[PDB]
Asks: 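This is the structure, below, for whatever I ask next.
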2 protein chains.
Amino acid sequence: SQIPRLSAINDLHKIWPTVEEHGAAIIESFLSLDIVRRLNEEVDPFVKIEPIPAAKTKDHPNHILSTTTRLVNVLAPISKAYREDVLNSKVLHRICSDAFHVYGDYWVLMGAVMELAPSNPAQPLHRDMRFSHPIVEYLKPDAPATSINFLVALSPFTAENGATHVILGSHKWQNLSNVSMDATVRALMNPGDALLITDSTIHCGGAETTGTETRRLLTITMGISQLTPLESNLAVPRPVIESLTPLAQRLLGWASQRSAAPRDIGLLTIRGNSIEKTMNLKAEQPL
Amino acid sequence: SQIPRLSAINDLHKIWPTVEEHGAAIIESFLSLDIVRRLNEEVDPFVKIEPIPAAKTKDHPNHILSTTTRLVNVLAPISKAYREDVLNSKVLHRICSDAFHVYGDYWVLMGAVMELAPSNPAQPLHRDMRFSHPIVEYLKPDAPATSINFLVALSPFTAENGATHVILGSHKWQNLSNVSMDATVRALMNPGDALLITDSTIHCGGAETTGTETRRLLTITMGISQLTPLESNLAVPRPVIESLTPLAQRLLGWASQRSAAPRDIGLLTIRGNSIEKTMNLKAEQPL
Ligand SMILES: COc1ccc(/C=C2/C(=O)Nc3ccccc3C(=O)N2C)cc1
Ligand SMILES: COc1ccc(/C=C2/C(=O)Nc3ccccc3C(=O)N2C)cc1
Ligand SMILES: [Br-]
Ligand SMILES: [Br-]
Ligand SMILES: [Br-]
Ligand SMILES: [Br-]
Ligand code: NI
Ligand code: NI
């Protein structure tokens, strides 16, 4: 049985309940082709200048990604398309509030463009967050997902060019003795489609087998405001931050956050006041 | 059997193992009387101007604390004693690395001075973090503590003036049917002494019964860098931040963080580089 495919528009209310049951769902046209084009254009140069993931110049090397793989994060100051269109996506926010209502507010743990070179091997079958958030492994088996991953196609995803593998129902697995590529199904997607998985879904990047095709994806890990993001926006110029919506500002950690606790005392507060109130942080000021 | 009392100096290695077994330990002379005096002096005015915890002017009201209670957090820009002496405490850092080695880096979830007025009632018996981090309630019963609380006496703690109550062994309790003030013992302390509890230790602020005494404490919640702090240092002037040690800077979230994962990819990074490297953040520049 294949990965369930849903309309971003007409099947909006069905998307999270589908992921909660099956551990994966394809969101058809998650981003318009216009947004994909503008996103591809803005990140293109930064992909090319990006050193190898485990560069000796880096003080936080990624020793896991293929040496041919390029990951570009902190996209806000690079991409008008990302910081305006993607951060304000009505579909992403309905899904996130559906997923995270039991915990409270959510924000971006990481928004990264990844480019995978021709002949990039398949990743080992894995769950995300194990190289950054050891805490996640100490949660009760039945604990609701504290993070989810929108794997957005920025180029075609085919079995040939290394489309994502998922094991359906694997997000509910405690015994991992049946973990095999034999058990996987593929995420076949056009640019703008998104594969949505949880932090518990067993999955892997597919093997690039054409030897010619470059695969690119926008990976948006959304998580509860109680978990620390992989990436920082602390160094993003204040002018760029003050050009965003209040919603987009909160997702980048440039606002206080709230838990779902009946009498919440809040996160990232300043003597009972919010970041945005204290600093007199403006919003929607065109640069 | 009473709360175990240990020397900050000669019993350093014994402190965390004592808390892990009993759920509480008194650290005698955790801060020198000089540091307490300088801390009391610097915060004094900010305590007096602090509105009631649930002020209608506040966008993050605390509806839990007594209306007579005053809490002052984000202490770094207020107190030279706090940002230099307390944030660099050799005893606090040995205890925190002992406690949190399984998770990775740790930082300040909140450093607050609390002043409790004459005739302040005893708090209900509780565990901390339940009004800010719902996630903590979904951790496995045996999961190591993700946060700990140094309750430092800034004035004398007596049974008369509302010294802290703790139930010893209560940090290992799953069944809460025996939770009663009958089961508690008191934290009798001179200024500079600290009661160290975990996020699981059942405890409460004592009742002020003299009708004359004002009790004050410095509460330092230390937690793994994977959990979001209650308070923000985002609005702290860069000159003040650049006057701290690199260690103190990390504790305030003005640096990238690392997990204990063998091939850690890190937290609050910028395209494989740290906050401090990217921003060229200086340290120990006297204002
Ligand atoms: C070649 O095999 C791999 C490579 C990566 C992972 C998984 C991760 C991870 O857990 N988190 C993220 C989340 C978003 C984007 C990237 C990553 C990432 O870098 N790693 C290391 C697994 C297997
Ligand atoms: C009158 O009864 C109470 C009042 C407070 C708590 C507990 C908390 C809490 O969970 N976290 C902290 C941590 C440090 C300092 C203060 C607080 C705080 O404000 N609350 C609400 C319990 C019982
Ligand atoms: Br890879
Ligand atoms: Br992938
Ligand atoms: Br109180
Ligand atoms: Br107390
Ligand atoms: Ni993955
Ligand atoms: Ni408490």
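Labels below follow one simple rule: chain letters A, B, ... track the order of the sequence lines, proteins then strands, and each chain is numbered from 1. Counting starts at 1 for both ligands and their atoms, following the listed order.
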Asks: Taking B:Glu231 for the side chain and B:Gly111 for the main chain, is one N or O donor matched with an acceptor at less than 3.5 Å?
Replies: yes
Asks: Which residue and non-hydrogen atom of the protein lie closest to atom 8 (C) of ligand 2, and at what distance in Å?
Replies: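 For this ligand atom, the closest protein heavy atom is B:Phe131 CD1, 4.1 Å.
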Asks: In terms of residue, atom name and distance, what is the protein heavy atom nearest to atom 1 (C) of ligand 2?
Replies: B:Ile64 O, 3.5 Å
Asks: For the side chain to side chain contact (heavy atoms under 4.5 Å, CB included) test, which of A:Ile35, A:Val113, A:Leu75 pairs with A:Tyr82?
Replies: A:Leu75
Asks: Would you mind telling me if ligand 2 is within reach of the side chain of B:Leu230, the backbone, both or neither, using heavy atoms under 4.0 Å?
Replies: neither
Asks: Going by the angle between their ring planes, with limits at 30° and 60°, are B:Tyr103 and A:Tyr138 parallel, tilted or perpendicular?
Replies: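 Taking A:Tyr138 first and then B:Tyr103, their aromatic rings stand perpendicular (interplane angle over 60°).
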Asks: Is B:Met129 touching ligand 2 with its side chain, its backbone, both, or neither, if touching means heavy atoms under 4.0 Å apart?
Replies: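 Contact part for B:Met129 vs ligand 2: backbone (N, CA, C, O).
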Asks: With respect to atom 6 (C) of ligand 2, which of B:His126, B:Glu231, B:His133 exhibits the smallest heavy-atom separation?
Replies: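 It is B:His126 that holds the nearest heavy atom.
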Asks: If I consider every N, O or S atom in B:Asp128, which one ends up closest to the Ni ion (ligand 8)? I only need its name.
Replies: OD1
Asks: If you have a sec, work out which protein heavy atom is nearest atom 2 (O) of ligand 2 and how many Å separate them, to one decimal?
Replies: B:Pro124 CD, 3.3 Å
Asks: Where does B:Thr69 meet ligand 2, judged by heavy-atom distances below 4.0 Å: at the side chain, the backbone, both, or neither?
Replies: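 Neither part.
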Asks: Evaluate A:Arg216 against A:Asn40 for side-chain hydrogen bond (donor to acceptor under 3.5 Å, both in side chains), listing each step before the verdict.
Replies: CA-CA 9 Å; A:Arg216 184 188 284 184; A:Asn40 278 327; 3.2 Å; yes
Asks: Are side-chain N/O atoms of B:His60 and A:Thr269 paired as donor and acceptor at under 3.5 Å?
Replies: no
Asks: Is B:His126 close enough that one of its N/O/S atoms sits under 2.8 Å from the Ni ion (ligand 8)?
Replies: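 Yes.
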Asks: Strictly under 4.0 Å, does any heavy atom of B:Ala112 approach an atom of ligand 2?
Replies: no
Asks: Are the ring centres of B:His203 and B:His126 closer than 6.0 Å?
Replies: yes
Asks: Considering only heavy atoms of B:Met110, which atoms of ligand 2 have at least one such atom less than 4.0 Å away?
Replies: 13 (C), 14 (C), 15 (C), 16 (C)
Asks: Ignoring hydrogens and angles, state whether a donor on the side chain of A:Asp264 or A:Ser259 is under 3.5 Å from an acceptor on the partner side chain.
Replies: yes
Asks: For atom 19 (O) of ligand 2, grab the closest protein heavy atom and report residue, atom and distance to one decimal in Å.
Replies: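 Residue, atom and distance for the closest contact: B:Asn62 ND2, 2.9 Å.
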Asks: Which protein non-hydrogen atom lies closest to atom 11 (N) of ligand 2, naming both residue and atom, and how far is it?
Replies: A:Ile265 CD1, 4.2 Å
Asks: Quick one: do B:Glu21 and B:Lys172 make a salt bridge, cutoff under 4.0 Å?
Replies: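 No, this pair does not count.
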Asks: Are A:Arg70 and A:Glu115 close enough for a salt bridge, meaning some N to O gap below 4.0 Å?
Replies: no
